[PDB]
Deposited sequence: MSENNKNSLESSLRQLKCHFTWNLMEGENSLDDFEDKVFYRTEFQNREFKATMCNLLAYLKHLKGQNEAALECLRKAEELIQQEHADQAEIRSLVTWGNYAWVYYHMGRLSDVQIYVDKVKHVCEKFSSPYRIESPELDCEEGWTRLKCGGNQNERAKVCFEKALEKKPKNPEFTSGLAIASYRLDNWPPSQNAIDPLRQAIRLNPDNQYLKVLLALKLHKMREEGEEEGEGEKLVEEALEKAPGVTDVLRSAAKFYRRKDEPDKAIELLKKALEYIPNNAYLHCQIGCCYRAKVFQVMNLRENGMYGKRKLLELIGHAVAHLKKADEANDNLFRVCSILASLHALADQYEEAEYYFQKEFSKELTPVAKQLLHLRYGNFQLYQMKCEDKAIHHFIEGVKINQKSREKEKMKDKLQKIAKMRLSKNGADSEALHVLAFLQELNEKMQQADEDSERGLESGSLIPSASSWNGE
């Protein structure tokens, strides 16, 4: 008595979760997932890949994944496949429907309906009104209970968008969530989790990293985790992070080299390691031309691969630029500086860029004039930053040393301008 769609809308699977919310870009999202899947966290994999291929218009190839998934489901979670396939089947249902295939869609809505009548609880249904009655309860509890409350109102609106009550709920919840951001007492469930799964070494590295964030336990946690599963890339990846943060670049570079052997095209890996080489450069400078030249070479090769993979996910041009700068490569430096200006930029960052480039003009190039354009355009940007305040100090310096020579006319404007900002603040 109803559109085959309306019925498909009620199935639980990837199509009915809402995974593209706020994803401006399907290529971005495709790369973001393909790069993350190279870390072997299972069959949920094949479903996520299917969902994408469908979105890429490759429906044919999507079935290819759904199929490999229900093979994994049958072999490993084998004794009980009926409930484990619920989403895989509903993904089939949706893929076929987009292929205009009414016949198999119907098959799978059947394999679903069956397993659903067989394991249905006589205790709990599904409801917008249930999710809502709960969201109000949590809201009236308040505190960390309001984040769970937002989801509640979200879940009630997916089914029935535009409702007045559920929308009240969402709005109040959200306002509270923006005003008083929730506390993540993660350190606990990480502990509970490690208790439950000692074998899983990834969990240990997260305890180890969050401890160091809230500062002996950590170092041992990572060493156990590195000891048991050196190969597992989630472990190497996040271990390396651990050491970069403890100012141990060699340990991190070593780790990430190892992970790269497993998946040598991973962009997150090239980015990470490039950054670690960059961390060694500064450290070395703090504590030699061939080494800087060779090291700077490394960071550059790696960051280039990330920038080439996906310019939006790997915003790495500033760094490549300041890096080509150290190596006295001034042409490359330019190329990458001019590339950062074309892209989107938080006023905050656009400032840091004007400063960075300004200094590059001021010290590397002979052009103080160019430097001035940026400190100025950088300071006109209304963001309270140490960077604005650093570019001020510099423009006062240059305007003064100018009136030193000729009491010149242009400076008398910059000088006043600046003095107009100091008087206000206070």
Where does the structure fail to cover the deposited sequence at the C-alpha level? 1-5, 47-49, 224-229, 302-307, 428, 448-472
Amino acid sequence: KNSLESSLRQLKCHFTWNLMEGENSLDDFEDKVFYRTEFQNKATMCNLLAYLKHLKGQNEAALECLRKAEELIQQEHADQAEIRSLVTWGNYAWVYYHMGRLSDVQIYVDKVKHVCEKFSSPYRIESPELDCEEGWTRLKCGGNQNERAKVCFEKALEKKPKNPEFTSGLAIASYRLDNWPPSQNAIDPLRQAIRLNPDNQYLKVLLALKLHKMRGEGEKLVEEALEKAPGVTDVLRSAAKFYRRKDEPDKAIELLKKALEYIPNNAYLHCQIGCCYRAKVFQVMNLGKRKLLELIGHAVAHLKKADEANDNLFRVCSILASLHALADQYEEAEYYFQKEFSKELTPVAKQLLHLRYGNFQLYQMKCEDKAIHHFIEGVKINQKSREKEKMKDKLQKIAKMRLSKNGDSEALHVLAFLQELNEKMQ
From here on, numbers count along this sequence of modelled residues.
Do the CA atoms of 71-79 or those of 113-121 have the higher mean B-factor in the entry? 71-79
If you take the mean CA temperature factor per stretch, which one wins between 17-25 and 398-406? 398-406
From the list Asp328, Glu254, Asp307, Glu227, select the residue with the highest C-alpha B factor recorded in the entry. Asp328
In terms of recorded Cα temperature factor, pick the maximum from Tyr262, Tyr202, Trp180, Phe337. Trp180
Just say lowest, middle or highest third for the CA B-factor of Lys32 relative to the other modelled residues in its chain. lowest
Here the Cα B-factor of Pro347, set against its chain, lands in the third termed highest
Entry-reported C-alpha B-factor of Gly169 relative to its chain, by third, is lowest
Lowest, middle or highest third - CA B-factor, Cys132: middle
Test of reading the entry: by CA B factor among the chain's modelled residues, which third contains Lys241? lowest
